[PDB]
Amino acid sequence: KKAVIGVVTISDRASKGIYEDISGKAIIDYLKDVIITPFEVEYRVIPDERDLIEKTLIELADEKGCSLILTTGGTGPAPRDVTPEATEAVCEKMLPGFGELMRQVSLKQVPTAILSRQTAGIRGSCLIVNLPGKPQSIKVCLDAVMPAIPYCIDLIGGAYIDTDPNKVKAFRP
C-alpha cells in the first residue's frame, strides 16, 4: 500500500485564515525530517465541530487511504475541545498507552499536562493519534510515540513506514 499520512489541524482561527497554523506545519516538518520511506501527506485544517472532525478522520482513513492520521488541537477540558470524542467515535479499538505516555512526557514541561485528553485508536488499517498544540510540545510527544508507530501500522495492515535511525528509531520486535 502507498504510505499516506493525514495531518489534521482542528482550529477555528486557523480555518478562518486569521492565523498561521504553526502546529500542522510542525507536524509535516517532523514527518519529512524523520521518515526515510516514500509517503504523501493529506493535510486538512478544519473548524472544531465534532461533526466535521469525525467526517474528516473518516474521509482520510476510508477514502484517502491514510495509514496514520495525526491531529492537533481541541484536546483540553474546555467543552468545545471534542477531538478525543470524535476519535473515540471513529475507532474500533483504542490504545491507552498512547495517552498515558504523551501526558507522562508532557508533565516534565508543565503541570497542566494532566488536563490533556489526547488519545489514540485504530480504524481499519489506520492509526489515529491526538497530538498537542505548541510546535515544541508536538516534537516531544512525537519523539516519544513515533518509535512504536511504524510497527503498530504494520500490525493493522497499513503501509510500510521507516525512519532515520539517527533521528527516531522505529522499533520492530
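Residue numbers here begin at 1 and follow the sequence given.
The PDB entry records a higher mean C-alpha B factor for 133 to 141 than for its counterpart among 118 to 126 and 133 to 141. Between 56 to 64 and 107 to 115, it is 107 to 115 that carries the larger average Cα temperature factor according to the deposited entry.
Sort the chain's modelled residues by C-alpha temperature factor and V41 lands in the highest third, per the entry. Annotation for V8: CA B-factor lies in the lowest third of the chain's modelled residues. In the deposited entry, the Cα temperature factor of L155 sits in the middle third of values across the chain's modelled residues.
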